[PDB]
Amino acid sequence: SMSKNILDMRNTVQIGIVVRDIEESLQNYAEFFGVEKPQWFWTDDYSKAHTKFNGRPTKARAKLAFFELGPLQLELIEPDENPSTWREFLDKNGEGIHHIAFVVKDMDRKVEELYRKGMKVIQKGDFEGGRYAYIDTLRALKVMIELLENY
């Protein structure tokens, strides 16, 4: 079921994986973990998302599917062709792990801490029930860190 307990995100780490065909990849993942297949959905349009990539607004949307595996939430991401961290990742790297996301209680102050540590937000936006911010950690950490805030 993956739904034995309701996901408590504050205590879960999410790994986002960018793929080209979400139906195919999500079937592969359901088979490997022997889990009931999750349903996928389109992220919000820009009018709700307010997506900003490298300071620029983008109409970018992506198909998403989630798997809950204990302490881990695996997120599959199939982006459209508009500009985004996901599309940029896909084109240039092919399918693979795009990010590791952590839920934080206060987005603003957390982003402050990282600014003081010399970091920067590469993409941010809203989603139903919260907001997110991708940090420019790829060169130093070898992977992109994302901050999530759930209202």
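Quick note: we count residues from 1 along the sequence shown, nothing fancier.
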| property | result |
| --- | --- |
| Per the entry, higher mean C-alpha B factor between 113 to 121 and 48 to 56 | 48 to 56 |
| Higher-scoring stretch by recorded Cα B factor average, 8 to 16 or 139 to 147 | 8 to 16 |
| Residue with highest C-alpha B-factor in the PDB entry, from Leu26, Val103, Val35, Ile100 | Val35 |
| Position of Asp91 among the chain's modelled residues by C-alpha B-factor, lowest, middle or highest third | highest |
| Assigned third (lowest, middle, highest) for the C-alpha B factor of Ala30 | middle |
| Assigned third (lowest, middle, highest) for the C-alpha B factor of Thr85 | lowest |
